[PDB]
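Labels run A, B, C, D and E following the written order; every chain starts at residue 1.
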Amino acid sequence: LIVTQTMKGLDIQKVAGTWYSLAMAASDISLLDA
Amino acid sequence: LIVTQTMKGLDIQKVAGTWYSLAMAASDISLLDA
Amino acid sequence: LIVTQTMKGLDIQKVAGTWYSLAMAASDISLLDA
Amino acid sequence: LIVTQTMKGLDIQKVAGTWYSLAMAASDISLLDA
Amino acid sequence: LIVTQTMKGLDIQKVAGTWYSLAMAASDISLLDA
């Protein structure tokens, strides 16, 4: 697994609540949500 | 697995609630949601 | 598996609720939803 | 499997509820929905 | 399998409910829905 993530010139504004990331990379990602 | 994710010039505004990413990459992604 | 995902010039506005990504890539994606 | 996904100039506005992605790519995708 | 998906100049507005993607690509897609 080779991963490249690139972000340029984002404007992010008035984020409420909960914010985990902009980029995620793993061999496995597990989300358990309730 | 080779992954490339590129984002340019996004405006993201007034996000309420929950926000995990803009980009996700893995070998496995599992979401369990209730 | 080779994956390329490119996004340019998005405006995203007044997102309520839950938002996991704009881009997902894996070898396997599993979503279990209730 | 070679996948190319490109998005340009989207306006996304007043999204309620649940939003997983704009782009998905895998070798297998599984959705179990209730 | 070679897949190319391109989207330009979409306006998406007042999406309620649940929204998984605009583009999906796999070698196999399985949706089980109830």
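Basically, a contact is a pair of C-beta atoms (placed from the backbone, for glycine too) under 8 Å apart; a residue touches a chain by one contact, two chains touch by 3 or more.
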- Query: Which chain maximises the distance between its CA centroid and that of subunit E?
  - Reply: A
- Fraction-based call for subunit C against subunit B, same above half, different below: same
- Item | Between subunit A and subunit C, centroid-to-centroid distance (C-alpha), Å | 10
- How big is the gap, in whole Å, between where the Cα atoms of subunit C centre and where those of subunit D centre? 5
- Message: Need the CA-centroid distance for the pair subunit A / subunit D, whole Å please.
- Response: 14
- Message: If a residue has to touch 2 or more other chains to count, which residues of subunit A qualify?
- Response: 29, 31, 33
- Item | Interfacial residue positions of subunit B with respect to subunit A in the complex | 1-34
